[PDB]
Amino acid sequence: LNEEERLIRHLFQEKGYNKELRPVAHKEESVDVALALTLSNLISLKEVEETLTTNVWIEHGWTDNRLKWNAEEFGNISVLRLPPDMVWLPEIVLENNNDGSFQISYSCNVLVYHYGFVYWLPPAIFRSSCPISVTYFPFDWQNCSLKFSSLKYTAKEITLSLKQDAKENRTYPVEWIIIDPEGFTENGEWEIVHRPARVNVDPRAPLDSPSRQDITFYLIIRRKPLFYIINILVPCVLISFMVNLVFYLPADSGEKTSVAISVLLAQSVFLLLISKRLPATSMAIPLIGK
Amino acid sequence: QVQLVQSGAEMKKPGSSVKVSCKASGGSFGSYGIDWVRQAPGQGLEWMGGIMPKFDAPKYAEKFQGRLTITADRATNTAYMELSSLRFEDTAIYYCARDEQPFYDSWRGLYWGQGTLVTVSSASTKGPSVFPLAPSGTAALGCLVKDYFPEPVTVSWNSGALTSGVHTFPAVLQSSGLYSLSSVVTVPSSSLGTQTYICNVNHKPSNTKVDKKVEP
Amino acid sequence: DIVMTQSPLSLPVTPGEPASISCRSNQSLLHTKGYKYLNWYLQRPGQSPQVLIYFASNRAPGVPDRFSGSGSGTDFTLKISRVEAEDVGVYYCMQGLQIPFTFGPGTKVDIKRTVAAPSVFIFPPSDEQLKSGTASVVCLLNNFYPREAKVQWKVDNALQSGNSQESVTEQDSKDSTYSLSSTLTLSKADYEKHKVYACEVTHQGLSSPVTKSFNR
Amino acid sequence: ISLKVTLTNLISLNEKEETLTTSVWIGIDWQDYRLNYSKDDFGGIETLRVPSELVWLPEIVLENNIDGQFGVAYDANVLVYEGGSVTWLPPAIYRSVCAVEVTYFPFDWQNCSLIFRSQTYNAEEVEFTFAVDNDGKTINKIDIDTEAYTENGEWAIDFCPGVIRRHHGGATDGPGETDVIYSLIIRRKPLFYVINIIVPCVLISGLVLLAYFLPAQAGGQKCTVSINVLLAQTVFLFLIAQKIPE
Amino acid sequence: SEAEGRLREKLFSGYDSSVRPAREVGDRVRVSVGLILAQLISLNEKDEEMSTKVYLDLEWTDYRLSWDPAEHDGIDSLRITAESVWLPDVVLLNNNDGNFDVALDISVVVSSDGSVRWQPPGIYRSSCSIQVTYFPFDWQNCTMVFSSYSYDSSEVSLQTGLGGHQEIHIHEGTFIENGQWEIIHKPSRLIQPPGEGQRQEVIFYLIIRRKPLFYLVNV
Amino acid sequence: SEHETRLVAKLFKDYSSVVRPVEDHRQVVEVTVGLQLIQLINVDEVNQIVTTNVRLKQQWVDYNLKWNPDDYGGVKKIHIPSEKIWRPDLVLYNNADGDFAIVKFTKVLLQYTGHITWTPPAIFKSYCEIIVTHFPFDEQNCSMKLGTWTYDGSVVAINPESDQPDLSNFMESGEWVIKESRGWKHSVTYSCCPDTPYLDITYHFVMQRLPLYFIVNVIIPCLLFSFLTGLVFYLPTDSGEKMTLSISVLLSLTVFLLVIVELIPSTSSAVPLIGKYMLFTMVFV
Ligand SMILES: *[C@@H]1O[C@H](CO)[C@@H](O[C@@H]2O[C@H](CO)[C@@H](O[C@@H]3O[C@H](CO[C@H]4O[C@H](CO)[C@@H](O)[C@H](O)[C@@H]4O)[C@@H](O)[C@H](O[C@H]4O[C@H](CO)[C@@H](O)[C@H](O)[C@@H]4O)[C@@H]3O)[C@H](O)[C@H]2NC(C)=O)[C@H](O)[C@H]1NC(C)=O
Ligand SMILES: *[C@@H]1O[C@H](CO)[C@@H](O[C@@H]2O[C@H](CO)[C@@H](O[C@@H]3O[C@H](CO)[C@@H](O)[C@H](O[C@H]4O[C@H](CO)[C@@H](O)[C@H](O)[C@@H]4O)[C@@H]3O)[C@H](O)[C@H]2NC(C)=O)[C@H](O)[C@H]1NC(C)=O
Ligand SMILES: *[C@@H]1O[C@H](CO)[C@@H](O[C@@H]2O[C@H](CO)[C@@H](O)[C@H](O)[C@H]2NC(C)=O)[C@H](O)[C@H]1NC(C)=O
Ligand SMILES: CC(C)CCC[C@@H](C)[C@H]1CC[C@H]2[C@@H]3CC=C4C[C@@H](O)CC[C@]4(C)[C@H]3CC[C@]12C
Ligand SMILES: *[C@@H]1O[C@H](CO)[C@@H](O)[C@H](O)[C@H]1NC(C)=O
Ligand SMILES: *[C@@H]1O[C@H](CO)[C@@H](O)[C@H](O)[C@H]1NC(C)=O
């Protein structure tokens, strides 16, 4: 790589690139950071812990004019793979995590093109807070979210936007979580209904606050209730309906209250079974609990 | 000190197959960056085929398609070619050109082997017939070494004592499939009557040993 | 296929001075990324081919500083700042853009020396060879430069065609000359039918063609 | 490399995960001619403590760990004695694979292996020998200090031989490999299962024999007893499902 | 920015981030301690620990990090990595899992007058002695004791953060409300040493009441 | 020892680990990827995760890390920390919730020819579509997709070391038997960038569950309850024990539901066969 090693010396050693400074001509400007989220797989939703675990690939896009070069001068090299610790990064974190894992998991290489665009697709395992609505369990749907923002930089320093795609030379924003139809394996219990993406700006907060801006990726997910149906509802409902046979039993059999109290015991066992599977929230009584 | 060592020379019959290996030492080579180039006798270089990263499979010239199989083994640091349905014009020196780190789209030969001579002929081991080229102030005389197979033939004059002005020509392959060459020496015309001139012809495959006195 | 042509067919080179060789393509050799996929190869006498320049301006590792190259799409030039006596051989330009990859005809290089005319000697077939039923007539051209030379056979002043073969030695390492042999092969019956046999040579060191002949 | 492995505690054998947790410290001794010095030239110093990161180490790891932890727990100082002798005695917590032979559980014994090797060097580059005590006999086993050792509440260590293996030394195999394997033969103490599960289960399961002595009338409750013993056995099945290997 | 780089080079020439800022010997560094409760994750009764997600709110002055904006292209503030400046070693003393520190160091905001504001995120597991008598119809008193681990009261002085609001700040719009616990009170107090090695403490109290509908339905 | 010290000092005087180690930037780095499976730690049917202990053998050539052994006392190979050199960034593309890339940076074996062998350990947690239709007699085909995260095929080429994964040092599994294993290379080209293929090597493992645990613990009690269901119809009515028997069988099945739900996969892709049998027994009692 006479060429790739001559280019990196030119960019980083000769010109004195400083990864601490933002890529802006003056401090008053903000760096435009375009974000998109690809859902590799929905790992789980722990109802008791109220935690959503996801495997997501976060596409970052921003311009760094200090990392521009004339391709023809350097053997027509058009793109460079560099470590992420060698360049300025727009440190985006998952704000609404519930385990302290704010940052991406694997800090992969950045891709830097000759016209200054910095591409970066670090994959991450995240564990986010998803408050659970137990009202219609096991026929329930949940509304989880993945809120992304920067704590080291505010809206004064970076502007968060959605990634822009093209079709027939017409630009549109990517306002949804990207899912590869071929590579995506559906979760065994949760079906994705909606998966929007939004840029949220709070007019009340000051511009120099980390809470001014965020990009939130939502997951409206519907439970697939076949397991709970087959294993709880049909046995429990049939056993409960079985109490009505005592009225048709003759009083001379001497086995009436035994049948009824045994049905009560079976219902208590089912209650014990259900008590392990949901959190002890007071917002509502679950449907199965009702 | 990277060195490519090919297999030894081959004598083949028409319609047979020849497999030529190309083994490397002193360097680490992969599954790509292999190209085979042959030079027919008296002709220029000709590309046959090779494996490049872009195709991830060997590609061959139209002439050799259906007959050539080029393979490279990264584990053993060896590359192979196998040319089947051998024809008379497949007689050539076959070279392997290789790179340790392949170019994606094309190839360069930074390391070559010594070449493997493959001879495709239905001829049989035949010794030469040695005839004099009698001398008609310098005069010349020579020996016509005709109709032998296979190469080579060694010619010396006066048991190696005469080495000034001796020209032993490269052999020419005739349409009969047998080789022929001439060896000539220029001498003073005054020495034709006083000095004896004998050409010593040797053809090891036939054990032909001829000492032909050349005189007017 | 891309057709590659080189000029000059032969370049004579005075050890100590620069030299230049040119290649041509009937198609643009420019890659989509602006890389001109042309390679230059040298084959020294009795040696395997060796790369000198790759991608039309890049010197391969180990090649000395003397060699350099340049070009544009279809026209390419290989230059030697100073010519040393180790740089003698056939230089090949090759296109590596489109399969089949093709070498050029090849430009031969040889050490320059003053013009030297051949000494023309003709030899009859021997009685020993005529005993076997064939007749070979050998015309020789000794110690001439340059290698360009034409040999025409005449039998009773009738030009022959298709019944002769030529062999040439490599340039002599001391006096820097070539030597050439042309051999007519005729059957004994055809040999006896005609009287006069003659080989006529033409060479730039000769003021006019030189004929050597005999009468049986 | 002179190797000794000392076991301080056997923490647990997790049947569900098939994991043995042990607390050990490895005795590692070797020669380094570059770190050779005489006490007379340095004021009588016979020992020098330096961080282990400053000296070459053979990089001994537990190959058969299950949790991905190959190295030692605490990088202690190496002791550099005069004459080029280097001693490193780091402690370690290891979670090792132990396939649980379930057949006679809970009256079972296990054969848990601790396999040690160099992570970097082959047998021609680094080799192992067992350490020797002051009496000179080779310590080809796990060393346990009797005074400080508290037996595991459930597991008794009966045997612990050590063997230095060498293999892949053939021409086709190429460079030879070596490792040290210690075979912890451990016996379970089945008292908890006897008192809490087996004896109650045996008595409750023997109760069905009493059904043969009850009258065969309406008030006999012969089927009451039998089927309720089956129900109690189902409860014991739920109890046992939490303990057995899977 | 080139001007920002020049200002950073001017500021951090001869600057030691391990040395407490004190122009004269005996000068105290005043640190204002606040707390923002992002989420009340849980209160584990078996382990007797409260899990919270919080943003600390630490403010202090470092005289070494002062500059004139007029001489530096009107730059009135800087965002600097926390590890590059001196920090007060303020930690959760009553942590239950052995973790004293913040979840992410992030960046401080330095004003031209030397004022330093730091708002690191934190996931904390604090020890809470559970009053079990009225469980599940109970209320708990779970505290988060914050203090400097090393510096004594003669070196770093603590005060409750404000900007007379001595409370944990809960942003009503973005607060993740807990489904089992209702927050009744959320004060903050500065605790002086009794009567050197003496250290002040800023304690944030969370008096939370359980919502017992689950146990009413199921027990 | 001094020869190796001098060699290592010479090699890394002006070395760069960020750039691909090729003489020319137009050359391709060939990486030979070989997966050695050490242990199948666990298969998670609920979250569809297969966790395995593996060795990811990687072999490439660094053009700049070459030396003549005659110039360094005959040293033909050395051991170098992996962090100091350029490496390929292989990532488990179908990672479920574990590490995406290698985290254990062991030393590499560097030959004088520039050939690097790196065999780091890893614990792969890979997503694996579990088909529970025939559970516990089910057969599962889970793979591990591996490829360079940030390098396309035109700069870094990958090829399997062997047609199959290396199972020579595979520890026996007490729950699964590997019927078949095979590694396949795949190349994907998109119309937007026809000259930049994207490569991956996918190792797949066909695994058959050992069902003895579920036969003993789940199926046999269900069969016993199913048999006990029919015996009530041979009881006399005057015994006053028919309801006792039937209701006690129902209660035994209800208690057994705890065992089954803790054992059965809690997924809704399909009804497990054990689930079908238990529903059969419950409905018919
Ligand atoms: C578990 O799941 C995995 C993944 O889905 C399955 O793996 C697939 O297995 C099949 C074999 O049954 C693989 O198909 C084979 O791929 C080979 C790839 O060859 C290379 O070269 C070609 C170019 O020539 C490239 O296009 C290709 O990408 C490779 O680089 C083929 O050579 C095989 O050819 C066979 O089929 C053709 C007809 O299609 C015949 O003409 C051939 O003679 C030959 O029989 C074949 O196509 C497939 O690639 C694997 N996929 C993956 C993702 O790895 C497992 O099989 C599955 N296990 C089970 C269910 O048992
Ligand atoms: C606890 O575990 C250890 C480690 O597994 C175990 O020690 C090993 O025992 C096996 C046998 O169980 C030993 O295998 C032996 O190897 C010798 C040569 O070294 C062979 O002669 C014998 O192998 C025979 O069978 C092979 C397969 O059928 C054939 O290939 C071979 O030709 C022979 O017929 C032989 O039994 C092994 O060497 C040791 N290794 C160690 C680490 O010591 C130990 O026995 C276990 N302790 C118990 C169960 O009490
Ligand atoms: C340098 O390389 C770039 C990238 O390959 C060349 O731009 C391409 O040119 C081809 C035509 O030859 C177009 O079809 C592609 O769409 C271009 N790619 C892009 C991404 O723009 C460029 O032409 C080369 N420059 C020179 C002077 O050769
Ligand atoms: C009263 C006695 C005879 C028992 C009767 C059992 C009946 C009511 C049970 C047994 C199996 C049950 C079915 C099992 C699974 C499914 C698929 C899903 O879409 C839920 C409904 C459905 C279709 C159930 C409907 C009710 C069902 C048919
Ligand atoms: C050049 O000539 C050859 C031979 O006639 C032909 O195959 C080729 O297509 C020509 N190239 C162009 C670009 O015309
Ligand atoms: C260390 O050096 C002394 C000489 O100073 C020598 O006597 C001793 O044997 C050496 N020790 C080693 C390396 O064995």
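Residue numbering for chain A follows Swiss-Prot; the residues present correspond to positions 22-311, in that order.
Recorded method for this deposit: electron microscopy, 2.2 Å.
Quick reminder: no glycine exception, Cβ is built from N, Cα and C everywhere.
The feature disulfide bond is assigned by Swiss-Prot to A:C151-A:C165, with similarity to another entry given as support. For A:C151 (disulfide bond), applying a Cβ distance below 8 Å and a minimum sequence separation of six or more within one chain yields A:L66, A:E71, A:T72, A:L73, A:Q163, A:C165, A:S166. Under DSSP, A:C151 (disulfide bond) is assigned to coil, being neither helix nor strand in the three-state scheme.
For A:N97 (N-linked glycosylation site), other Cβ atoms within 10 Å of its Cβ number 17. Positions annotated as N-linked glycosylation site by Swiss-Prot: A:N97 (among others).
Annotation source Swiss-Prot lists N-linked glycosylation site at A:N164 (among others), citing sequence analysis. The number of other Cβ atoms within 10 Å of the Cβ belonging to A:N164 (N-linked glycosylation site), over all protein chains shown, comes to 14. Reduced to three states, the DSSP call for A:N164 (N-linked glycosylation site) is strand.
Per Swiss-Prot, topological domain 'Extracellular' is recorded for A:22-245.
Feature annotation from Swiss-Prot assigns transmembrane segment to A:246-270 (among others).
Residues or ranges marked as transmembrane segment by Swiss-Prot on the basis of sequence analysis: A:278-299 (among others).
Each residue contributes its Cα atom, and for A:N97 (N-linked glycosylation site) and A:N164 (N-linked glycosylation site) those atoms are 48 Å apart. Among the recorded positions A:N97, A:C151, A:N164, A:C165, the ones whose Cβ sits under 8 Å from a Cβ of chain C are, in sequence order, A:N97.
Closeness to ligand 3 is met by A:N97, these being the recorded positions among A:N97, A:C151, A:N164, A:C165 whose Cβ falls under 6 Å from the molecule. In this structure, A:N97 (N-linked glycosylation site) belongs to neither helix nor strand by DSSP; it is coil.
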